[PDB]
Every structure is written in structure tokens, then in C-alpha cells.
Amino acid sequence: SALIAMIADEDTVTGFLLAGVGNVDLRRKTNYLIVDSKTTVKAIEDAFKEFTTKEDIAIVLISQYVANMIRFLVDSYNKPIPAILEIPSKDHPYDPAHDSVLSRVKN
Amino acid sequence: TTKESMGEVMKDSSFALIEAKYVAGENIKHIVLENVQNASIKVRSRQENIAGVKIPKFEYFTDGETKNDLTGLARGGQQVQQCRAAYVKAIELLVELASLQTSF
Amino acid sequence: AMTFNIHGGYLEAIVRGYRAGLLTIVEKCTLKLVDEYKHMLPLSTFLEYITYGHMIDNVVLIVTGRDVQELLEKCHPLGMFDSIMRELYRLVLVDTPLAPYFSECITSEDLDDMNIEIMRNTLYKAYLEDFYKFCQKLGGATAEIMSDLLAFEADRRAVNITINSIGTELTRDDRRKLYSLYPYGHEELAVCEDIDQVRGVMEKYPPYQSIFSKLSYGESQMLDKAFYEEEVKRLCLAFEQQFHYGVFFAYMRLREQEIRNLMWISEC
């Protein structure tokens with residue numbers, strides 16, 4: 012269907028949000044803008060459990076797991092389809108830590 | 053293999069942002085945010101029974117249905133070659149991750 | 006050039022000193078340049099026209115429609135003029159010579175100024191009106207440099223149109239009109259419909275010629291990046307720093323180029 016990050020480094024996310032249509036996976040009309048670092052990104056995990064799990068958006072995104080605060084989405088390893096994400100660099104190189112799918116994928 | 057492609061995907065993506073800064077400077081920001089020439093965020097996933105177990109085929113952006121493009125920006129081609137390629141990699145990454153978790 | 010000695014010597018000297026002084070970070074540098082201009086507030095008309103273009107940019111950002123006020127605040131106060147949607151564009155038309163042409167091009171207000179392709183035409187019309195305001199300086203060597211820069215911008219717009227905006231369905235006559247004395251006539255670059263064919267004709271333009279050279283980055287790009295090397299050359303045109311003339315717009319351009327170089331450097 013779609014994939015909403017609603018929080019990330021946003022550098023590549025803005026370029027990957029939308030160009031012609033698709034409402035940037037409804038990240039503008041619904042959910043939240045891909046930009047982050049303004050507030051706690053645990054709310055991003057909450058939205059992924061709420062919005063991404065609502066079948067509208069398949070996946071999410073978090074950067075480097077350092078300031079991504081993705082430890083709240085550590086239990087999101089179960090049900091991989093509602094909560095699937097990989098840490099890119101996007102000027103913040105990925106650091107392996109407790110995250111949405113990082114622990115499962117690494118193992 | 054997809055994880056190996058990951059990280060290098062972001063390294064390639066950073067070049068698109070550098071090109072955008074060099075050519076068009078600051079992005080449109082706000083709702084528009086510029087920097088996108090292709091890879092509209094629209095996907096199509098379905099659970100498929102493989103080896104007697106349903107596996108979701110998570111095809112994300114740049115490999116999912118209803119993907120759209122709007123011409124090219126000053127670095128829109130670089131964004132398509134870098135950011136949209138990352139989306140194509142991420143589609144396979146999500147599909148493989150879901151399949152691997154279910155199979156495990 | 007005895008008129009400079011008769012009057013206006015102190016302001017010209019201050020502007021020249023501010024120019025020679027400069028050789069996130071880009072936003073901070075632009076805000077510092079705006080503060081210097083405000084402290085300063092002939093060459094004054096040229097600086098006003100440069101600020102008019104920088105305010106056409108912010109108005110196109112504001113005429114559309120998302121924290122727009124925050125985005126304008128993040129921009130330089132020279133770019134985001136304090137004096138300053148159809149109503150938004152109409153209000154921008156006042157105190158800014160560049161805005162009314164952008165409003166005329168954008169018949170549907172924000173809709174006809176979409177950041178994908180339509181905002182390009184709106185900003186092109188705004189730049190055309192800003193160039194008219196610059197031409198309202200009654201000519202000059204700085205006016206000649208501004209005309210050359212406007213011709214470079216028009217050639218870049220036409221090249222980008224032929225490259226990508228054909229898919230955006232911008233009419234060839236309209237796109238040529240969208241791509242803007248010298249900027250007004252660019253039929254050589256619009257003769258070739260093919261993107262590869264039109265790129266050579268656009269590079270054949272004297273502003274783009276001898277500057278882009280290989281043009282691995284530049285003419286191939288869309289938007290207004292075709293004359294990127296010509297912009298740096300025009301910055302080097304100000305490096306002559308000939309006195310007794312109006313070069314405040316050249317000083318602002320040099321400060322903006324320094325800010326852009328600092329941004330490109332970024333970390334290390």
C-alpha cells in the first residue's frame with residue numbers, strides 16, 4: 012500500500028517522499044512529516060504501531076538508532092509486516108542497537 | 053545481500069543531496085520540500101503462501117504499484133538515481149525481512 | 006565619474022568595504078549580509099533589485115499556500135522582506159516589483175505555482191519583473207552585467223524546459239516566454259526540441275558559452291543550474307571591483323556566493 016516514516020534524518024526521505032503524487036504515502040495528509048529530531052522519536056514508534064499497523068503504510072524508517080530512540084519499538088519485531096525498518100546512514104551512519112527490526116535482522 | 057546493499061544505498065543517496073545543494077541550494081522545504089523527481093510513495097503488498105506458510109510480499113516504493121514521477125529537478129535525476137534506488141532496495145529488504153521472520 | 010566624489014562617496018566606500026570583507070551556516074551568513082544591508086539602509095538601486103529578487107523567492111514561497123512563516127523566518131530578512147493564495151500574491155505585489163509578474167504567471171495562485179514545475183514558471187516571471195526593476199536603473203555597466211546574468215538564467219530555464227518540462231506539458235512558446247533584452251530573445255536554444263539537441267544550443271548562448279566548458283554538472287541539470295559556472299564567473303566579474311560605479315548588487319551576489327560556498331563545504 013504505502014510506507015510512512017514520519018520521523019527520520021529526512022535528507023533522503025524528502026527526496027523519497029513524493030514527486031508527482033501518492034501523497035507521500037499519506038505522510039502529509041495523515042500521520043506525520045518525515046522530518047525528525049524536533050521531538051522524541053518514540054512517538055514515531057507509537058505512530059508506526061498506530062498508523063503503519065493500520066494497513067495504510069507498510070514500513071517505517073529510523074536513522075542510526077543512536078538518537079532514533081527506537082528501543083520503544085524493540086517489541087515491534089513480532090509481526091514484521093506492520094513494523095519493518097532498516098537503519099540507513101542519511102548523514103547519520105547506522106549504529107547497531109535495539110530497534111524495530113535491527114535485532115531480528117542482525118540475528 | 054540486501055543488507056550488504058544497505059548503507060552503500062545511503063552513501064549513494066547523500067550524493068543526491070550534495071548535488072541538490074550545489075545546483076538548487078536550499079530545498080523547497082515545508083509541504084513541498086523539493087528534492088524529488090521520481091519514486092512517489094505508493095506500494096502493493098500481499099501475503100503469499102510459500103512452503104505452506106503465508107509470506108507477505110512487501111513491495112515498497114520504487115517497486116510497488118502506483119509509483120509516480122514529476123519530471124526532473126536540477127538534482128532530480130541524482131535523487132532518482134540515488135534516493136529512488138534506495139527505495140527499490142528497501143522494497144526487497146522489507147519483503148525479505150517479513151518472509152525471513154515468518155519462516156524462522 | 007566625478008559624481009561619486011561630489012556625492013555618495015561614503016556610502017560607496019562602506020559598500021566596497023563590506024564587499025571586500027567577504028570572500069544553518071548559509072542562513073547565518075545571509076542573515077548577517079541582510080543586517081549589514083539594513084545598517085547601510092546608484093548602487094542602492096542595484097542592491098534594492100537584488101533584494102527584490104531574493105524577496106521574489108520568499109514571496110513565491112509565501113504565495114504558495120506547513121510552517122510557511124517559520125520557513126520565511128529561517129530565510130534571510132533581505133530575502134524575507136518585512137514589508138512584503148491569491149490574496150498572498152496580491153499583497154506580495156505591493157512593495158516588491160518582482161511579485162506581480164509571478165502572480166500574473168500563476169493564474170491559479172498556489173496551484174499554478176506548484177513546486178514541481180509551475181513554481182518554476184512563477185519564479186521565472188518574478189525574476190523577469192526583478193530584471194525589469196534592475197533595468198529601471200537607466201542602464202550602466204552593472205546593468206549590462208545584470209542583463210548577461212538574466213540571459214544566462216533564461217537560457218538555463220529554456221534548457222531545463224526542453225530537458226524535462228516537456229513532460230510537464232509547458233508549451234514551447236510558453237516555456238520560451240517563461241524563459242524570459248538579452249534574456250528576452252533566446253530562439254536559438256528553443257529551436258531544438260530534443261533535450262540533447264537543445265542542450266548544445268543553450269550552451270551556444272554567450273552567457274553559457276566558455277563558462278560551462280565540459281558541464282558535467284550544469285547544462286545537463288534542470289531548473290536553473292545550466293549557468294552555474296557562469297554564475298561563478300559573474301561573481302569573478304565583481305572580483306574586478308572597479309570603483310566609482312554601482313556594485314552593491316555585486317557585493318550582495320558575492321556575499322551570497324560566499325555563503326553558498328560555506329554551505330557546500332559544510333563539515334570539513
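Line by line, the protein sequences give chains N, M and d. Numbered by the deposited numbering, the letters in the first sequence go through residues 12 to 118 in order. Numbered by the deposited numbering, the letters in the second sequence go through residues 53 to 156 in order. Numbered by the deposited numbering, the letters in the third sequence go through residues 6 to 28, 69 to 86, 92 to 115, 120 to 138, 147 to 242, 247 to 334 in order. C-beta: ideal position from N, C-alpha, C; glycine also.
- At a cut-off of 8 Å between beta carbons, M:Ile83 contacts chain N.
- Nearest in C-alpha terms to N:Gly31, of all of M:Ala91, M:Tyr139, M:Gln134, M:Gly77, is M:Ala91.
- The beta carbon of N:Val77 sits closer than 6 Å to the beta carbons of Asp106 from its chain, once the five residues preceding and following it are set aside; these are given in chain order.
- Between N:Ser87 and chain M, the shortest Cβ-Cβ separation is not below 8 Å.
- Comparing alpha-carbon positions, the option among d:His12, d:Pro131, d:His252 lying closest to d:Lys73 turns out to be d:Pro131.
- As far as DSSP is concerned, N:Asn118 takes part in no beta bridge.
- Contact between the segment 52 to 72 of chain N and the segment 118 to 135 of chain M is not established, with fewer than three Cβ pairs separated by less than 8 Å.
- Among the residues of chain M, those whose CB is under 9 Å from the CB of N:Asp102 are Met62, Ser66, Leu69, following chain order.
- At a C-beta separation below 7 Å, N:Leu28 has these neighbours in chain M: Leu85, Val88, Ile93.
- Taking the Cα positions, N:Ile55 is about 20 Å away from N:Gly26.
- Here d:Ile168 is not near d:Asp157, since their CB atoms are 8 Å or more apart.
- In the three-state scheme derived from DSSP, where H, G and I count as helix and E and B as strand, d:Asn226 is classed as helix.
- The criterion of a C-beta distance shorter than 8 Å is satisfied by N:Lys101 and N:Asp20.
- Taking all protein chains shown into account, M:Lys81 has 16 or more neighbouring C-beta atoms within 10 Å of its C-beta and is therefore buried.
- Between M:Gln131 and chain N, the shortest Cβ-Cβ separation is below 8 Å.
- Residue-level contact by beta carbon fails for N:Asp67 and chain M, as no gap is shorter than 8 Å.
- At a cut-off of 8 Å between C-beta atoms, M:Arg98 does not count as an interface residue with respect to chain N.
- Counting C-beta pairs closer than 8 Å gives fewer than three between the segment 304 to 319 of chain d and the segment 271 to 287 of chain d, which falls short of the contact rule.
- Beta-carbon to beta-carbon, N:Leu29 and M:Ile93 are separated by about 5 Å, close enough to satisfy the 8 Å threshold.
- Between the alpha carbons of M:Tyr139 and M:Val147 lies a gap of roughly 12 Å.
- No Cβ-Cβ contact shorter than 8 Å links d:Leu232 with d:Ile225.
- Annotation: the continuous beta strand (DSSP E) that includes M:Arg96 extends over 96 to 102.
- In this structure, d:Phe96 sits away from d:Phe293, with a CB-CB distance that is not shorter than 8 Å.
- Residues of the same chain with a CB within less than 7 Å of the CB of d:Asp192, apart from the 5 flanking positions on each side, are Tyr99, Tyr102, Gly103, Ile106, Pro159, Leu160 in chain order.
- Among the CB atoms of chain M, one or more fall inside 8 Å of the CB of N:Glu97.
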